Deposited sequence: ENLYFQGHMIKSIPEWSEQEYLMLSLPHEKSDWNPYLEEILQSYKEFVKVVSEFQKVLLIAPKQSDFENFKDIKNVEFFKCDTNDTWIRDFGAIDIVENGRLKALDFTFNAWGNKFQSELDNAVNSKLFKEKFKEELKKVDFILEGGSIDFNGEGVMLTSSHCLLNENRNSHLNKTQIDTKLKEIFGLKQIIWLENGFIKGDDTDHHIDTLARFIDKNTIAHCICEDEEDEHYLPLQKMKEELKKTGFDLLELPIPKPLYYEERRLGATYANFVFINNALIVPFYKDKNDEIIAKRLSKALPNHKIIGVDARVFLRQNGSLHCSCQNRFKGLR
């Protein structure tokens, strides 16, 4: 446990640890949500309403009029700041515990407004130091169990950034890790949060495909075999039947859930598997309320619930 490196003892934080905020970047009539603006905003409103029952929510947007649609919801705060990308998981600040204090890390993302967004937020609202790390990393490309283990895809971090051994060593040093599981197989920016996620310190929930005809079948079967070698308990998340927008197959995945205080918010796609994954996850998480939120509209811009938010954890800063 008590390991120090270059002045610091570091502990990585699993998503189920207690939080202060869930943070989101609203879609506005300027980015690529224009055609179905009211559509996605209605999804957001539902998502926000659900979360706000359990913990505070912070919504980031350029104009006060953007916030107007969410003014009635309890436990919702607002922060004026320009942006376009709504996928805050990609660029948002990532918390670690450093020498007993929570400390947010700002990795370099490839950009412009988003890169600034974090500085404004931390300078103006939180009034807190924002440690810049010179390393290419999106929040959706990593997943922690909170016991020094991290899950990631070989296709992500090796592409973005220079040995794997060096990247492995660097990542272990940054997050105080004892182990990184590098997944070669499976798919649905490549991101581990579309494929596999820790749901407790001993358990990994992961996408699977039951239809042999489907192109996902063998990649996900191979990913399954890899995950069987880790020794962690496995919980399966069968992908729904193909969904489409304008003849394009949407990357619907149940792995893009998000932990918040006392709850796990799971994407629903109006498929029979919604019910299967909710019951399965619910039984495996006896102290969480599992709540499905219609995530179909989100998929039009190639992301789901987890991609659209970032967690800010509770504790001494």
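Counting from residue 1 of the deposited sequence, the stretches lacking C-alpha coordinates in this chain are 111-117, 169-172, 200-204.
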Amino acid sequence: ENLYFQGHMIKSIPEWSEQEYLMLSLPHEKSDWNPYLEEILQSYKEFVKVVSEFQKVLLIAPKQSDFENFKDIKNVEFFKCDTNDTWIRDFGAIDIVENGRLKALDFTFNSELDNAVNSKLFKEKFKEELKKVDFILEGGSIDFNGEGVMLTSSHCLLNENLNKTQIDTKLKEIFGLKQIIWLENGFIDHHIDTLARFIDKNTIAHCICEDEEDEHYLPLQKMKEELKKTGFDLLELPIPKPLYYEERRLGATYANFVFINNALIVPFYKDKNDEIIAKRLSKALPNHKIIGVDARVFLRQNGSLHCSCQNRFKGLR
From here on, numbers count along this sequence of modelled residues.
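Looking at 86-94 and 174-182 together, the entry lists the larger mean B-factor for 86-94, computed on C-alpha atoms.
Looking at mean Cα B-factors across 274-282 and 65-73, the upper value is held by 65-73. Within the selection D168, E226, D200, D189, the deposited Cα B-factor values reach their highest point at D189. Sorting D233, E160, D143, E236 by the CA temperature factor given in the entry leaves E160 at the top. Per-chain ranking of the deposited C-alpha B factor places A252 in the middle third. Per-chain ranking of the deposited C-alpha B factor places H206 in the lowest third. Remark: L220 belongs to the middle third of its chain, ranked by C-alpha B-factor as recorded. When the modelled residues of the chain are ordered by C-alpha B-factor, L151 sits in the lowest third. Remark: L59 belongs to the middle third of its chain, ranked by C-alpha B-factor as recorded.
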